[PDB]
Amino acid sequence: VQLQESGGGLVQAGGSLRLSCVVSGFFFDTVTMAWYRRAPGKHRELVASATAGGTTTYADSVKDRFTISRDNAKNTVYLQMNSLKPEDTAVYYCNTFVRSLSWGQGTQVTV
Amino acid sequence: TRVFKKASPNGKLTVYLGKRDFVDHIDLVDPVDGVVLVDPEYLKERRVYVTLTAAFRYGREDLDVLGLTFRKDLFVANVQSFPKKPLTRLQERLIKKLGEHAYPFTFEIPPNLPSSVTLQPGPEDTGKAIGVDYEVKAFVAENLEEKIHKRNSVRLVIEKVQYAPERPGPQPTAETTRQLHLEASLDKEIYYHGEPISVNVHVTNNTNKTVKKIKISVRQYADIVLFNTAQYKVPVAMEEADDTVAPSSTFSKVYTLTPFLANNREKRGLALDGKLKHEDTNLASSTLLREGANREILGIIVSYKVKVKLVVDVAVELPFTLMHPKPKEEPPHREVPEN
Amino acid sequence: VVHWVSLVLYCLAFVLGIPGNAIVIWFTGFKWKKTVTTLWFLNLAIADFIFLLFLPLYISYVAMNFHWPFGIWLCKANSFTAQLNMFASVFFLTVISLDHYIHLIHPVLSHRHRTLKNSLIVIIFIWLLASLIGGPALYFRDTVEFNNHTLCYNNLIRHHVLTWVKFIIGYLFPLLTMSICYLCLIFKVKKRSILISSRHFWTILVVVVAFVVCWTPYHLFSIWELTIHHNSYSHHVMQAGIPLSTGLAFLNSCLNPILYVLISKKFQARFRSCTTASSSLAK
Amino acid sequence: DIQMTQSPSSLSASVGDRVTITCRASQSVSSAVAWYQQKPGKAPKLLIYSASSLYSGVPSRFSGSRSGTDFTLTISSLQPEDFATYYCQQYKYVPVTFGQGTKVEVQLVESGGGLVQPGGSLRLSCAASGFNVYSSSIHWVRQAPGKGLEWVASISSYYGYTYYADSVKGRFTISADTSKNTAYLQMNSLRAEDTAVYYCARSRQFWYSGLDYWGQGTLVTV
Amino acid sequence: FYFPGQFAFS
């Protein structure tokens, strides 16, 4: 229930941010931990799946543009990005794929 | 907007419901819509099932002395969501928003099932309550009988209620001549919870015997029927007056009563409205059923009558209904300014 | 001939009863709230406690020459204690049976024993009645050193009427009410509009059959001993054996704990030892 | 507790303008937010009782919405009879809290008031007509001069529950008489900062939906 | 005929 989101900033265009999500509580073990983003005035939407094994499913505007990695030892997950469009401005949230955790205050990413 | 979701302790198999309330119409109830969400893993070798049970917990201290689980089930339904009727508007929105891994499930409760009514946990009676408790149980299984654990499942609880009809009912009245002519009436059949109840006690005695005291009593019949019929009486409001009427004379009064839970917190056998957690609700709403008596209609049936008695003892009974109006937005089903 | 078998049964009953009796008393008296059924269970556990307190002494009593080598030792006290324990256990069994026959058709109030004061007064009345029946020990018992060994032995119609009243209390009270309540509920005899689950059916049958096979042999042996007494003799009929009835009695007193309380809720609790939210939705 | 904020403290606009009044809650409450409009010198009036449901009677131009904790109220066009102070109030927890107020540029009658000086005691009567005491809940809300609304005490006759604010616990008592259908608030140990106009508000007992009806005002000076 | 006495816990 910690939901520590960091790695936000202002970038002109095409700059990685390297977001990180650290959660304290039950271990990840064998659950699918995902990533969500919410444009200002819009609703949340899926970005990446990041299952227990290595299978990543992206979005229509995210495929072949984003990358995702998970570190089980620290119970944390990262996102790596490139060629960030100005439309990417949104608040990024981290939550289980099933959306079982409380939605904590995420980080702000502006492009 | 603002759907209800309940997540099982492990990070998978959450359940989405449009509303935790399903009004029970006379003929057909609202279908129990909803979408059960499951992660892509954990299901490739299984399948998802949703089971609705209309429990009848009726044991004190929730202890099985000799295997008496008290978990009598009145209706059980099963559905397979990961192997029908077109999905309603709400289900399509959940599928679009949640994603392609949003497996829908739909239930259809038959008519003449009892509404969700519990009994008051008075003195002792530690544990759960006594009454009908609907529930939605979502789990992953591939045999329909393999024992499943509470951790790997969502025990989301729902409540089925009934609201007052738009058309008011006929005005109730009763009479008794045997010893003294008695006439009683109510203002209107439809009564909302907390509203005052006004009765007319216009009487005309003729016998030489004179009444000493008059009593107006309201009791809530808990017609619990599981193995044999019962007709329990539990008073809910009382009104003792010292008014007297002389022989060969008349007396008319408009004594009013109001049922509420402030003074009935210690009485046993009282039936309250459906509860989802340890919070306190009001008196159980009057349950109405269609004609034909619905055969046996196994469950708890709550009916209200008001009586007038004379102490010298001819008494009459006048039935009425005590139901909520149709809500505007939604019942939160909890004390809104809680704690 | 069967003395080894009876000793093995004694050891098994003690080993399976001491922890089972210990666990129920602590669980009911510490964790679970005080309820009339819980008080029945706790009182039965206490009866099993004091019943098995003299069981190690019964090992020596059932030892060589099936005699009492501990001398006088004022064994009136512990003999009366053991018989009081068995009477209290059978009385708690029959009152549990009556309360269970009241449990069906639960929502009724019936005789209003749900109050704790009534449960305690009934328990103390049962204890006093069992102490009244278990009272007379020195009236009949004496001790002699016969066949080069001392025994706690009892001492003509007084013995006949004593055994008769003991048997009728131990049969008419427990067994007749078990057959009236348990039997005429499980086999559709008497009013059978009450449905019964498979687990309930099986556990009632197990209770009845265990009670029978453990207590009927002992009462039958006592009646047979009373009948064959005052006629013929004793060394021809060879009654020097048959402690199997008392072994079955101990087996029942240690098996009722695990059968009654160690099931359902207790089983899942011993094995072990989210909040509903909301979400968005676009219009 | 929950401390309730409104970003714009003073807003200036003209007739025929769409303005937005924003409100952010400290904690993540549900849709249980009510919006009140207070004309200067008059009791506040309920506008929206669920952050999205329009109260019966107010014009349809008023509208509200929620997002996370960003409850907002928008007016399509500012009619000349709209320049007042707007309060953002939540009722999910017993210490209900009102906003600091945004400036835009069945009857209940009380009885009491007058100078009392510190240490005195007054009994404020709330003659309520038109609704049953058991079917409604009675709250007492005071307003210090120039400040926002503050919650004092409440009673629910159906459930037999009384609630008091942390600042008036013990010193203040609340009671209601069913036969006379009135609500009495008796105050003891009146201290310096209790000078305020006291309102007797009544909400619907079954499924609270904001303070439907307010009082008139019996300002008390110590 | 020396049964007078008993060898149980009665």
# chains A, B, ... in the order shown; residues from 1 in each chain; ligands from 1

$ closest_atom_pairs --of "chain B" --to "chain C" --cutoff "7 Å" --atoms "only C-alpha atoms" --output "JSON lines"
{"residue": "B:1", "atom": "CA", "partner": "C:281", "partner_atom": "CA", "distance": 4.6}
{"residue": "B:2", "atom": "CA", "partner": "C:280", "partner_atom": "CA", "distance": 5.2}
{"residue": "B:3", "atom": "CA", "partner": "C:279", "partner_atom": "CA", "distance": 5.5}
{"residue": "B:4", "atom": "CA", "partner": "C:278", "partner_atom": "CA", "distance": 4.6}
{"residue": "B:5", "atom": "CA", "partner": "C:278", "partner_atom": "CA", "distance": 5.6}
{"residue": "B:6", "atom": "CA", "partner": "C:276", "partner_atom": "CA", "distance": 4.8}
{"residue": "B:7", "atom": "CA", "partner": "C:274", "partner_atom": "CA", "distance": 6.1}
{"residue": "B:8", "atom": "CA", "partner": "C:274", "partner_atom": "CA", "distance": 6.0}
{"residue": "B:9", "atom": "CA", "partner": "C:274", "partner_atom": "CA", "distance": 5.8}
{"residue": "B:59", "atom": "CA", "partner": "C:106", "partner_atom": "CA", "distance": 7.0}
{"residue": "B:63", "atom": "CA", "partner": "C:265", "partner_atom": "CA", "distance": 6.7}
{"residue": "B:64", "atom": "CA", "partner": "C:264", "partner_atom": "CA", "distance": 6.5}
{"residue": "B:65", "atom": "CA", "partner": "C:260", "partner_atom": "CA", "distance": 6.6}
{"residue": "B:66", "atom": "CA", "partner": "C:200", "partner_atom": "CA", "distance": 5.9}
{"residue": "B:67", "atom": "CA", "partner": "C:200", "partner_atom": "CA", "distance": 4.7}
{"residue": "B:68", "atom": "CA", "partner": "C:200", "partner_atom": "CA", "distance": 6.2}
{"residue": "B:227", "atom": "CA", "partner": "C:194", "partner_atom": "CA", "distance": 5.3}

$ write_last_selection --atoms "N, CA and C atoms" --output "compact mmCIF listing (two decimals), in the first residue's frame"
# COMPACT_ATOMS: atom_id res chain seq x y z
N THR B 1 -21.04 5.14 -13.76
CA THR B 1 -19.93 5.76 -13.05
C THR B 1 -19.86 5.23 -11.62
N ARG B 2 -18.64 5.04 -11.11
CA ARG B 2 -18.40 4.55 -9.76
C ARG B 2 -19.00 3.16 -9.55
N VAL B 3 -18.45 2.19 -10.28
CA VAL B 3 -18.82 0.79 -10.08
C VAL B 3 -18.18 0.30 -8.79
N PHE B 4 -18.63 -0.84 -8.29
CA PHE B 4 -18.10 -1.44 -7.08
C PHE B 4 -17.22 -2.63 -7.44
N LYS B 5 -16.00 -2.64 -6.92
CA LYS B 5 -15.08 -3.74 -7.17
C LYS B 5 -14.59 -4.30 -5.84
N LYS B 6 -14.47 -5.62 -5.78
CA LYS B 6 -13.94 -6.30 -4.60
C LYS B 6 -12.84 -7.25 -5.05
N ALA B 7 -11.65 -7.08 -4.49
CA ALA B 7 -10.49 -7.86 -4.88
C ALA B 7 -10.19 -8.90 -3.82
N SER B 8 -9.96 -10.13 -4.26
CA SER B 8 -9.55 -11.19 -3.36
C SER B 8 -8.15 -10.90 -2.81
N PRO B 9 -7.78 -11.51 -1.68
CA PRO B 9 -6.48 -11.16 -1.06
C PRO B 9 -5.29 -11.31 -1.99
N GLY B 59 -28.10 -20.11 12.94
CA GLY B 59 -27.53 -20.72 14.13
C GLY B 59 -26.81 -19.69 14.98
N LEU B 63 -21.63 -22.03 15.47
CA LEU B 63 -20.87 -23.22 15.82
C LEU B 63 -21.68 -24.44 15.42
N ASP B 64 -21.02 -25.39 14.75
CA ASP B 64 -21.66 -26.63 14.31
C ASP B 64 -21.47 -27.66 15.41
N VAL B 65 -22.50 -27.85 16.23
CA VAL B 65 -22.39 -28.76 17.37
C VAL B 65 -22.26 -30.20 16.90
N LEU B 66 -23.10 -30.62 15.96
CA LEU B 66 -23.13 -31.98 15.43
C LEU B 66 -23.23 -31.94 13.91
N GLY B 67 -22.38 -31.14 13.28
CA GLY B 67 -22.46 -30.95 11.85
C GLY B 67 -23.58 -30.05 11.40
N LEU B 68 -24.27 -29.38 12.33
CA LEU B 68 -25.33 -28.43 11.99
C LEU B 68 -24.67 -27.16 11.50
N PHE B 227 -38.42 -25.45 8.37
CA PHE B 227 -38.94 -26.80 8.48
C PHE B 227 -40.40 -26.85 8.88

$ residues_around --residues "residue 80 in chain A" --least-positions-apart "3" --cutoff "10 Å" --atoms "only C-alpha atoms" --output "list in words"
residues 15, 16, 17, 18, 19, 20, 65, 66, 67, 68 and 69 of chain A

$ write_last_selection --atoms "N, CA, C and O atoms" --output "mmCIF file, in the first residue's frame"
data_model
loop_
_atom_site.group_PDB
_atom_site.id
_atom_site.type_symbol
_atom_site.label_atom_id
_atom_site.label_comp_id
_atom_site.auth_asym_id
_atom_site.auth_seq_id
_atom_site.Cartn_x
_atom_site.Cartn_y
_atom_site.Cartn_z
ATOM 1 N N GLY A 15 12.883 12.050 -24.707
ATOM 2 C CA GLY A 15 13.728 11.859 -23.545
ATOM 3 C C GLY A 15 13.166 10.857 -22.558
ATOM 4 O O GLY A 15 12.017 10.984 -22.127
ATOM 5 N N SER A 16 13.964 9.857 -22.195
ATOM 6 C CA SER A 16 13.513 8.841 -21.255
ATOM 7 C C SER A 16 13.395 9.416 -19.847
ATOM 8 O O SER A 16 14.140 10.318 -19.455
ATOM 9 N N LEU A 17 12.444 8.879 -19.082
ATOM 10 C CA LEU A 17 12.222 9.306 -17.707
ATOM 11 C C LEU A 17 12.583 8.256 -16.669
ATOM 12 O O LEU A 17 12.953 8.621 -15.551
ATOM 13 N N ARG A 18 12.482 6.968 -17.006
ATOM 14 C CA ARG A 18 12.851 5.866 -16.115
ATOM 15 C C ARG A 18 12.047 5.924 -14.810
ATOM 16 O O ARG A 18 12.571 6.156 -13.720
ATOM 17 N N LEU A 19 10.740 5.725 -14.962
ATOM 18 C CA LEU A 19 9.856 5.663 -13.807
ATOM 19 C C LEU A 19 10.088 4.388 -13.005
ATOM 20 O O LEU A 19 10.522 3.361 -13.534
ATOM 21 N N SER A 20 9.792 4.466 -11.710
ATOM 22 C CA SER A 20 9.942 3.339 -10.802
ATOM 23 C C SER A 20 8.761 3.297 -9.845
ATOM 24 O O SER A 20 8.308 4.337 -9.359
ATOM 25 N N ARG A 65 7.255 1.347 -28.954
ATOM 26 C CA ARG A 65 7.699 2.662 -28.509
ATOM 27 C C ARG A 65 8.202 2.612 -27.073
ATOM 28 O O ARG A 65 9.095 3.377 -26.696
ATOM 29 N N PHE A 66 7.641 1.716 -26.267
ATOM 30 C CA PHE A 66 7.947 1.643 -24.847
ATOM 31 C C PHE A 66 8.615 0.313 -24.527
ATOM 32 O O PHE A 66 8.567 -0.637 -25.312
ATOM 33 N N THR A 67 9.249 0.259 -23.356
ATOM 34 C CA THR A 67 9.797 -0.973 -22.811
ATOM 35 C C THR A 67 9.502 -1.022 -21.320
ATOM 36 O O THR A 67 9.364 0.017 -20.668
ATOM 37 N N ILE A 68 9.410 -2.235 -20.783
ATOM 38 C CA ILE A 68 9.083 -2.442 -19.377
ATOM 39 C C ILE A 68 9.984 -3.528 -18.805
ATOM 40 O O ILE A 68 10.355 -4.479 -19.502
ATOM 41 N N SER A 69 10.353 -3.371 -17.534
ATOM 42 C CA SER A 69 11.167 -4.343 -16.821
ATOM 43 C C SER A 69 10.673 -4.446 -15.386
ATOM 44 O O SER A 69 10.159 -3.479 -14.822
#

$ interface_residues --of "chain B" --to "chain D" --cutoff "8 Å" --atoms "only C-alpha atoms" --output "PDB file with N, CA, C and O atoms, in the first residue's frame"
ATOM      1  N   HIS B 193     -40.539   4.202   6.342  1.00  0.00           N
ATOM      2  CA  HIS B 193     -39.824   3.949   7.584  1.00  0.00           C
ATOM      3  C   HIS B 193     -39.615   5.249   8.348  1.00  0.00           C
ATOM      4  O   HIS B 193     -39.100   6.228   7.802  1.00  0.00           O
ATOM      5  N   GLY B 194     -40.023   5.257   9.616  1.00  0.00           N
ATOM      6  CA  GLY B 194     -39.904   6.424  10.459  1.00  0.00           C
ATOM      7  C   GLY B 194     -41.100   7.351  10.453  1.00  0.00           C
ATOM      8  O   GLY B 194     -41.198   8.211  11.336  1.00  0.00           O
ATOM      9  N   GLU B 195     -42.009   7.208   9.493  1.00  0.00           N
ATOM     10  CA  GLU B 195     -43.179   8.067   9.447  1.00  0.00           C
ATOM     11  C   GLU B 195     -44.160   7.691  10.555  1.00  0.00           C
ATOM     12  O   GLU B 195     -44.274   6.520  10.925  1.00  0.00           O
ATOM     13  N   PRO B 196     -44.880   8.667  11.104  1.00  0.00           N
ATOM     14  CA  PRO B 196     -45.842   8.362  12.165  1.00  0.00           C
ATOM     15  C   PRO B 196     -47.028   7.567  11.646  1.00  0.00           C
ATOM     16  O   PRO B 196     -47.454   7.714  10.499  1.00  0.00           O
ATOM     17  N   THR B 258     -45.042   5.525  16.534  1.00  0.00           N
ATOM     18  CA  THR B 258     -43.957   5.575  15.565  1.00  0.00           C
ATOM     19  C   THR B 258     -42.940   4.487  15.878  1.00  0.00           C
ATOM     20  O   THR B 258     -42.313   4.513  16.943  1.00  0.00           O
ATOM     21  N   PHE B 260     -39.448   2.737  15.869  1.00  0.00           N
ATOM     22  CA  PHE B 260     -38.053   3.098  15.671  1.00  0.00           C
ATOM     23  C   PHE B 260     -37.185   2.183  16.519  1.00  0.00           C
ATOM     24  O   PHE B 260     -37.667   1.500  17.424  1.00  0.00           O
ATOM     25  N   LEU B 261     -35.891   2.175  16.208  1.00  0.00           N
ATOM     26  CA  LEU B 261     -34.955   1.228  16.792  1.00  0.00           C
ATOM     27  C   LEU B 261     -34.259   1.751  18.040  1.00  0.00           C
ATOM     28  O   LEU B 261     -33.426   1.040  18.609  1.00  0.00           O
ATOM     29  N   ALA B 262     -34.565   2.973  18.480  1.00  0.00           N
ATOM     30  CA  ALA B 262     -33.894   3.506  19.661  1.00  0.00           C
ATOM     31  C   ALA B 262     -34.279   2.737  20.918  1.00  0.00           C
ATOM     32  O   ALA B 262     -33.418   2.430  21.751  1.00  0.00           O
ATOM     33  N   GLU B 329     -31.014   8.098  -6.190  1.00  0.00           N
ATOM     34  CA  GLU B 329     -29.718   7.725  -6.749  1.00  0.00           C
ATOM     35  C   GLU B 329     -29.318   6.292  -6.410  1.00  0.00           C
ATOM     36  O   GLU B 329     -29.253   5.439  -7.299  1.00  0.00           O
ATOM     37  N   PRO B 331     -28.772   3.516  -2.551  1.00  0.00           N
ATOM     38  CA  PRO B 331     -28.527   3.359  -1.116  1.00  0.00           C
ATOM     39  C   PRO B 331     -27.083   2.972  -0.851  1.00  0.00           C
ATOM     40  O   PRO B 331     -26.623   1.916  -1.310  1.00  0.00           O
ATOM     41  N   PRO B 332     -26.329   3.801  -0.122  1.00  0.00           N
ATOM     42  CA  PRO B 332     -24.957   3.414   0.243  1.00  0.00           C
ATOM     43  C   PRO B 332     -24.878   2.188   1.133  1.00  0.00           C
ATOM     44  O   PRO B 332     -23.800   1.588   1.231  1.00  0.00           O
ATOM     45  N   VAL B 336     -23.917   6.770   6.689  1.00  0.00           N
ATOM     46  CA  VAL B 336     -23.183   7.707   5.837  1.00  0.00           C
ATOM     47  C   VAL B 336     -22.191   8.546   6.636  1.00  0.00           C
ATOM     48  O   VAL B 336     -21.014   8.602   6.248  1.00  0.00           O
ATOM     49  N   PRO B 337     -22.575   9.211   7.737  1.00  0.00           N
ATOM     50  CA  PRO B 337     -21.538   9.803   8.606  1.00  0.00           C
ATOM     51  C   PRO B 337     -21.111   8.829   9.706  1.00  0.00           C
ATOM     52  O   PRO B 337     -21.487   8.935  10.874  1.00  0.00           O
ATOM     53  N   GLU B 338     -20.318   7.831   9.323  1.00  0.00           N
ATOM     54  CA  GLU B 338     -19.957   6.767  10.248  1.00  0.00           C
ATOM     55  C   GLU B 338     -18.776   7.172  11.128  1.00  0.00           C
ATOM     56  O   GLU B 338     -18.130   8.204  10.922  1.00  0.00           O
ATOM     57  N   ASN B 339     -18.504   6.329  12.124  1.00  0.00           N
ATOM     58  CA  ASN B 339     -17.408   6.516  13.076  1.00  0.00           C
ATOM     59  C   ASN B 339     -17.499   7.847  13.812  1.00  0.00           C
ATOM     60  O   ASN B 339     -18.239   7.977  14.787  1.00  0.00           O
TER      61      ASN B 339
END

$ atom_distance --atom1 "CA of residue 74 in chain D" --atom2 "CA of residue 51 in chain D"
11.3 Å

$ closest_residue --among "A:75, A:32, A:105, A:51" --to "residue 6 in chain A" --atoms "only C-alpha atoms"
A:105

$ interface_residues --of "chain C" --to "chain E" --cutoff "8 Å" --atoms "only C-alpha atoms" --output "ChimeraX atom specification"
/C:58,66-67,79-80,82-83,141,152-155,229,232-235,243,246

$ select_by_dssp --residues "range 67-132 of chain D" --states "strand (DSSP E)" --output "number ranges by chain"
D: 72-75, 85-90, 102-104, 107-111, 123-129

$ closest_atom_pairs --of "chain A" --to "chain B" --cutoff "12 Å" --atoms "only C-alpha atoms" --output "Markdown table"
| residue | atom | partner | partner_atom | distance |
| --- | --- | --- | --- | --- |
| A:25 | CA | B:10 | CA | 11.6 |
| A:26 | CA | B:10 | CA | 8.6 |
| A:27 | CA | B:11 | CA | 9.7 |
| A:28 | CA | B:11 | CA | 8.2 |
| A:29 | CA | B:11 | CA | 9.5 |
| A:30 | CA | B:11 | CA | 8.7 |
| A:31 | CA | B:11 | CA | 5.9 |
| A:32 | CA | B:39 | CA | 6.7 |
| A:33 | CA | B:11 | CA | 8.7 |
| A:34 | CA | B:39 | CA | 10.4 |
| A:36 | CA | B:98 | CA | 11.4 |
| A:42 | CA | B:97 | CA | 12.0 |
| A:43 | CA | B:97 | CA | 9.0 |
| A:44 | CA | B:97 | CA | 8.5 |
| A:45 | CA | B:97 | CA | 7.5 |
| A:46 | CA | B:99 | CA | 8.2 |
| A:47 | CA | B:99 | CA | 11.4 |
| A:49 | CA | B:40 | CA | 9.2 |
| A:50 | CA | B:40 | CA | 10.6 |
| A:51 | CA | B:41 | CA | 7.6 |
| A:52 | CA | B:41 | CA | 8.3 |
| A:53 | CA | B:41 | CA | 9.2 |
| A:54 | CA | B:41 | CA | 11.6 |
| A:55 | CA | B:40 | CA | 10.2 |
| A:56 | CA | B:40 | CA | 11.2 |
| A:57 | CA | B:40 | CA | 10.7 |
| A:59 | CA | B:99 | CA | 10.8 |
| A:95 | CA | B:11 | CA | 9.8 |
| A:96 | CA | B:11 | CA | 6.7 |
| A:97 | CA | B:39 | CA | 6.5 |
| A:98 | CA | B:12 | CA | 5.3 |
| A:99 | CA | B:14 | CA | 7.6 |
| A:100 | CA | B:7 | CA | 5.3 |
| A:101 | CA | B:11 | CA | 8.1 |
| A:102 | CA | B:7 | CA | 10.5 |

$ residues_around --residues "residue 80 in chain B" --least-positions-apart "5" --cutoff "8 Å" --atoms "only C-alpha atoms" --output "mmCIF file with N, CA and C atoms, in the first residue's frame"
data_model
loop_
_atom_site.group_PDB
_atom_site.id
_atom_site.type_symbol
_atom_site.label_atom_id
_atom_site.label_comp_id
_atom_site.auth_asym_id
_atom_site.auth_seq_id
_atom_site.Cartn_x
_atom_site.Cartn_y
_atom_site.Cartn_z
ATOM 1 N N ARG B 47 -10.754 -22.749 -15.457
ATOM 2 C CA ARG B 47 -11.811 -21.898 -15.980
ATOM 3 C C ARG B 47 -12.488 -21.204 -14.806
ATOM 4 N N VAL B 48 -13.161 -20.094 -15.100
ATOM 5 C CA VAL B 48 -13.764 -19.256 -14.070
ATOM 6 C C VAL B 48 -15.223 -19.646 -13.884
ATOM 7 N N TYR B 49 -15.684 -19.593 -12.638
ATOM 8 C CA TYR B 49 -17.069 -19.870 -12.297
ATOM 9 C C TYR B 49 -17.563 -18.814 -11.319
ATOM 10 N N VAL B 50 -18.837 -18.453 -11.452
ATOM 11 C CA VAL B 50 -19.499 -17.531 -10.539
ATOM 12 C C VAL B 50 -20.715 -18.239 -9.961
ATOM 13 N N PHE B 105 -20.593 -12.206 -16.580
ATOM 14 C CA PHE B 105 -21.467 -13.226 -16.022
ATOM 15 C C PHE B 105 -22.800 -12.579 -15.677
#

$ atom_distance --atom1 "CA of residue 217 in chain B" --atom2 "CA of residue 237 in chain B"
6.1 Å

$ closest_atom_pairs --of "chain D" --to "chain A" --cutoff "12 Å" --atoms "only C-alpha atoms" --output "JSON lines"
{"residue": "D:27", "atom": "CA", "partner": "A:104", "partner_atom": "CA", "distance": 11.5}
{"residue": "D:28", "atom": "CA", "partner": "A:103", "partner_atom": "CA", "distance": 10.2}
{"residue": "D:65", "atom": "CA", "partner": "A:41", "partner_atom": "CA", "distance": 11.5}
{"residue": "D:66", "atom": "CA", "partner": "A:41", "partner_atom": "CA", "distance": 10.8}
{"residue": "D:67", "atom": "CA", "partner": "A:41", "partner_atom": "CA", "distance": 8.5}
{"residue": "D:68", "atom": "CA", "partner": "A:103", "partner_atom": "CA", "distance": 9.4}
{"residue": "D:69", "atom": "CA", "partner": "A:105", "partner_atom": "CA", "distance": 10.9}
{"residue": "D:70", "atom": "CA", "partner": "A:41", "partner_atom": "CA", "distance": 11.0}

$ atom_distance --atom1 "CA of residue 178 in chain C" --atom2 "CA of residue 81 in chain C"
25.2 Å

$ residues_around --residues "residue 108 in chain D" --least-positions-apart "5" --cutoff "7 Å" --atoms "only C-alpha atoms" --output "compact mmCIF listing (two decimals) with C-alpha atoms, in the first residue's frame"
# COMPACT_ATOMS: atom_id res chain seq x y z
CA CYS D 126 -35.44 24.92 17.15
CA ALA D 127 -39.19 24.86 16.47
CA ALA D 128 -39.38 22.41 13.57
CA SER D 129 -42.57 21.93 11.56
CA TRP D 214 -31.61 25.36 7.40
CA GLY D 215 -32.72 27.83 10.05

$ select_by_dssp --residues "range 77-273 of chain C" --states "helix (DSSP H, G or I)" --output "MDAnalysis selection string"
chainID C and resid 77:103 116:133 157:172 174:186 198:228 244:260 265:272

$ closest_residue --among "A:38, A:63, A:70, A:85" --to "chain C" --atoms "only C-alpha atoms"
A:38

$ decode --residues "chain E" --atoms "N, CA and C atoms" --output "JSON list (two decimals), in the first residue's frame"
[["chain", "number", "residue", "atom", "x", "y", "z"],
["E", 1, "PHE", "N", -16.88, -68.56, 44.15],
["E", 1, "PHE", "CA", -17.91, -67.82, 44.85],
["E", 1, "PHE", "C", -17.31, -66.66, 45.65],
["E", 2, "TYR", "N", -16.07, -66.31, 45.33],
["E", 2, "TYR", "CA", -15.37, -65.22, 45.99],
["E", 2, "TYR", "C", -15.52, -63.90, 45.24],
["E", 3, "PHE", "N", -16.51, -63.79, 44.36],
["E", 3, "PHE", "CA", -16.80, -62.57, 43.61],
["E", 3, "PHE", "C", -17.17, -61.39, 44.50],
["E", 4, "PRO", "N", -17.75, -61.60, 45.73],
["E", 4, "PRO", "CA", -17.99, -60.45, 46.61],
["E", 4, "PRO", "C", -16.87, -59.43, 46.61],
["E", 5, "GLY", "N", -17.20, -58.22, 46.20],
["E", 5, "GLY", "CA", -16.24, -57.21, 45.80],
["E", 5, "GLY", "C", -16.42, -56.85, 44.34],
["E", 6, "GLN", "N", -15.50, -56.03, 43.84],
["E", 6, "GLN", "CA", -15.58, -55.57, 42.47],
["E", 6, "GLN", "C", -14.19, -55.14, 42.01],
["E", 7, "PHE", "N", -13.99, -55.16, 40.69],
["E", 7, "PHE", "CA", -12.69, -54.89, 40.10],
["E", 7, "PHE", "C", -12.78, -53.83, 39.00],
["E", 8, "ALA", "N", -13.81, -52.99, 39.06],
["E", 8, "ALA", "CA", -14.02, -51.91, 38.12],
["E", 8, "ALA", "C", -13.87, -50.57, 38.83],
["E", 9, "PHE", "N", -14.13, -49.49, 38.10],
["E", 9, "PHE", "CA", -14.08, -48.14, 38.65],
["E", 9, "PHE", "C", -15.46, -47.64, 39.07],
["E", 10, "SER", "N", -16.34, -48.55, 39.48],
["E", 10, "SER", "CA", -17.67, -48.19, 39.92],
["E", 10, "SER", "C", -17.71, -47.96, 41.42]]
